[PDB]
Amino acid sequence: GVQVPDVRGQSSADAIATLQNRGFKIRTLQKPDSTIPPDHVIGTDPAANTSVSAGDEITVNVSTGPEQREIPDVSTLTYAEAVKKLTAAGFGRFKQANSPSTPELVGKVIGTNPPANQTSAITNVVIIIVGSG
């Protein structure tokens, strides 16, 4: 068998060249990772140092950086509802802000920071802006 080289950390291009030089076929998967930078390799399947048949396909897990999610719209909800919905989307760190609104939005969410539909790391604090006035 041919040993799968350990390409964790290598750029996707460099890792793929290394694997190709050993005769492997390649498929890539793009996955979040908290410690390998974007476009660098997390690991392979089959894993580094495994012995496999010459020419076998190796799956190369390529980092897209830390996990990110799209911020859901939570406008006109209560703060409590907004926290539940943001939590369901993967976020967990929240702060409240006040900003002037029309009477019927007073006490309701008028937006977030980062704003709705923006992609954000799930480690980021999401400010939930509530109408005041």
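Residues carry their position along the shown sequence, with the first being 1.
Practice item. Give the stretch, out of 103-111 and 48-56, with the larger mean C-alpha temperature factor in the deposited entry. Key: The stretch with the larger average C-alpha B-factor is 48-56.
Check your understanding: What stretch has the higher average Cα B-factor here, 90-98 or 57-65?
Key -> The stretch with the larger mean CA B-factor is 90-98.
Review point. In terms of the CA temperature factor given in the entry, to which third of its chain does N117 belong: lowest, middle or highest?
Key: According to the entry, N117 has a C-alpha B-factor in the chain's highest third.
Point to revise | Third of chain Cα B-factors occupied by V2 | key: For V2, the deposited C-alpha B-factor lands in the highest third.
Review point. Lowest, middle or highest third: where is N124 by C-alpha B factor in its chain?
Key: Top third by C-alpha B-factor.
**Study point:** Third assignment of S12 from its chain's C-alpha B-factors
**Key:** CA B-factor rank for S12: lowest third.
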